[PDB]
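Student: Structure incoming, see below.
Rule-based calculations on the coordinates, nothing more; no lab input. Quick reminder, even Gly has a Cβ in these numbers, built from the backbone with ideal geometry, and neighbours come from all protein chains shown.
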Amino acid sequence: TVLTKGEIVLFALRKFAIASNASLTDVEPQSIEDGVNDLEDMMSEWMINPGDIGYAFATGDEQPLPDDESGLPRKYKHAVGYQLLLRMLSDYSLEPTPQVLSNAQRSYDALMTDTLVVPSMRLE
Ligand SMILES: [Ca+2]
Ligand SMILES: [Ca+2]
Ligand SMILES: [Ca+2]
Ligand SMILES: [Mg+2]
């Protein structure tokens, strides 16, 4: 295994459960199987914007499963997992901790952009 859909989902579900418990709302997190549908849907939305990161979608009649490879390298786990977490928190009006918000924004920025160091146009 490299990085399964289930592992990404569990990363988010674990953190959701912590937030949910803290808020006393005591919302039960969805199953890993249903969280995979949530991830699949988020990835589908991203295809529209900001674009394709190479996720391996279930096609045709296939149902995505926790043990399916995500198509992503392990280094993407936090970036995608934190976005899935923000999605889940938002569903139950739970505000993310400042740490979660920061981790999500920094990992997302790192996933979607790069900063290149080049000789200046004047020098080139
Ligand atoms: Ca492995
Ligand atoms: Ca891929
Ligand atoms: Ca389908
Ligand atoms: Mg970067």
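Student: Please determine, in degrees from 0 to 90 and to the nearest 10, the orientation of helix 32-48 with respect to the longest principal axis defined by the Cα atoms of the chain, where the helix direction is its Cα long axis.
Tutor: The two axes meet at around 30 degrees.
Student: Which value results for Rg/Rh of the chain when Rg is the Cα radius of gyration and Rh the Kirkwood radius based on the inverse mean 1/r?
Tutor: Details: Rg = 16.6 Å, Rh = 15.6 Å.
Looking at the chain, the ratio lands at 1.06.
Student: Provide, as a two-decimal number, the C-alpha radius of gyration of the stretch 22-73 over 2.2 N^0.38 Å, N being how many residues it has.
Tutor: Details: Rg = 13.4 Å, N = 52, 2.2 N^0.38 = 9.9 Å.
Compactness ratio reported: 1.36.
Student: On a 0 to 90 degree scale, rounded to 10, what angle separates helix 77-91 from the longest Cα axis of the chain?
Tutor: 50
Student: 7 Å from Cα along Cα→Cβ at both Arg122 and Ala17: what's the point-to-point distance in nm?
Tutor: Between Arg122 and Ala17, the label points sit 5.8 nm apart.
Student: A further question follows. With a 10 Å radius around each residue's Cβ, average the other Cβ atoms per peptide and rank 96-105, 5-14, 45-54, 74-83, highest first. Please list the in-between numbers first.
Tutor: Details: 96-105: 14.2, 5-14: 21.6, 45-54: 10.5, 74-83: 19.2.
Those peptides, ordered most packed to least, come out 5-14, 74-83, 96-105, 45-54.
Student: How large is the charge dipole for the chain, taken about the Cα centre, if only the Cβ atoms of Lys, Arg (+1) and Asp, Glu (-1) carry charge, to the nearest 20 debye?
Tutor: Details: 9 positive and 20 negative charges, 157 e Å.
Using only the charged Cβ atoms, the result is roughly 760 debye.
Student: For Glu28 and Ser44, compute 0.36 nm times the residue count separating them, minus their Cα-Cα distance, and round to one decimal in nm.
Tutor: Details: separation 16, 0.36 × 16 = 5.76 nm, distance 2.49 nm.
Taking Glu28 through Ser44 to full extension adds about 3.3 nm, to one decimal.
Student: In degrees from 0 to 90, rounded to the nearest 10, what is the angle of the helix 5-22 Cα long axis to the longest principal axis of the chain?
Tutor: Tilt relative to the chain: about 60 degrees.
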